[PDB]
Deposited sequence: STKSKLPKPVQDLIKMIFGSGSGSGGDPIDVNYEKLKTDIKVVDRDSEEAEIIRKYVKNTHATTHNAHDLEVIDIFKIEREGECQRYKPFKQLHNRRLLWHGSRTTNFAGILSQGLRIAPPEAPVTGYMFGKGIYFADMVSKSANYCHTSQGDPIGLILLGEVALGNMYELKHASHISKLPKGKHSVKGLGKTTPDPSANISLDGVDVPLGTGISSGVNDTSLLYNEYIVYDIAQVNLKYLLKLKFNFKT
């Protein structure tokens, strides 16, 4: 008459769904394990948060996640170059479907505006950018942000809104160039995956619409989710 899951994972599930805890965990088809806050993994992840602040974030919990057969789906793109661990932020309500059915692309038929690099899956190298999409208030100041291994390969680098139908030949992803970027010389390797956890600096990119680098992929197989973070927003 009890759940066998760790306490933080239980608090995480009650958060997502807003009926037995174990039954709702099974609905996700995702192995959610709590990263040790002392481990090298937690230290790098917690450093990526603090360095990419430009609304201050404390890392409550770090979960190591693995959605059913997302490995298999992504295997072709695990060969690609430029694999970066990047932020995706969404409303807490959406995380039931995300972990269930992964990150998806809205259809062209479905009306869409504010999208400035077409219908794909967007990501940030700065956490304060992805955090905005959590839409957390002082009333409920806990928000969820994903870390995903995005297989970007040859990036088609734009600095102005452009509705993308198809990528130029040889390009695998789009990268919007922002006014602010992580320090290129402070980039490290986590599992052969580039983690851009340098401090926010002036990119040098002048004539740009964007304040922050956005990364977009137009194939769901190019994404392989690694970590989910539970974040307290300090106002």
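Visitor: What residue ranges of the deposited sequence are absent from the coordinates?
Guide: Holes in the chain trace, numbered from 1: 1, 20 to 26, 63 to 67, 249 to 250.
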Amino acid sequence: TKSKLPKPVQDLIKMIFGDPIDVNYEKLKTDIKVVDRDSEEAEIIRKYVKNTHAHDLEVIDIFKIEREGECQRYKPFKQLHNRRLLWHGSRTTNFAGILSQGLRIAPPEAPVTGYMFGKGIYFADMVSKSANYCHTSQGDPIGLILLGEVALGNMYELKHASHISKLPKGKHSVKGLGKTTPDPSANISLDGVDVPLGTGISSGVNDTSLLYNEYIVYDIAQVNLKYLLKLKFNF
From here on, numbers count along this sequence of modelled residues.
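Visitor: Comparing 223 to 231 with 6 to 14, which has the greater mean CA B-factor as deposited?
Guide: Higher mean C-alpha B-factor: 6 to 14.
Visitor: Which wins on mean Cα temperature factor, 110 to 118 or 126 to 134?
Guide: Mean C-alpha B-factor is greater for 110 to 118.
Visitor: Kindly indicate the residue among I65, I60, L177, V174 with the greatest C-alpha B-factor in the PDB record.
Guide: Across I65, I60, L177, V174, the entry lists the biggest C-alpha B-factor for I60.
Visitor: Among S165, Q101, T93, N154, which carries the highest Cα B-factor?
Guide: That would be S165, according to the entry.
Visitor: Name the third of the chain's ranked CA B-factors that contains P76, choosing lowest, middle or highest.
Guide: Middle third.
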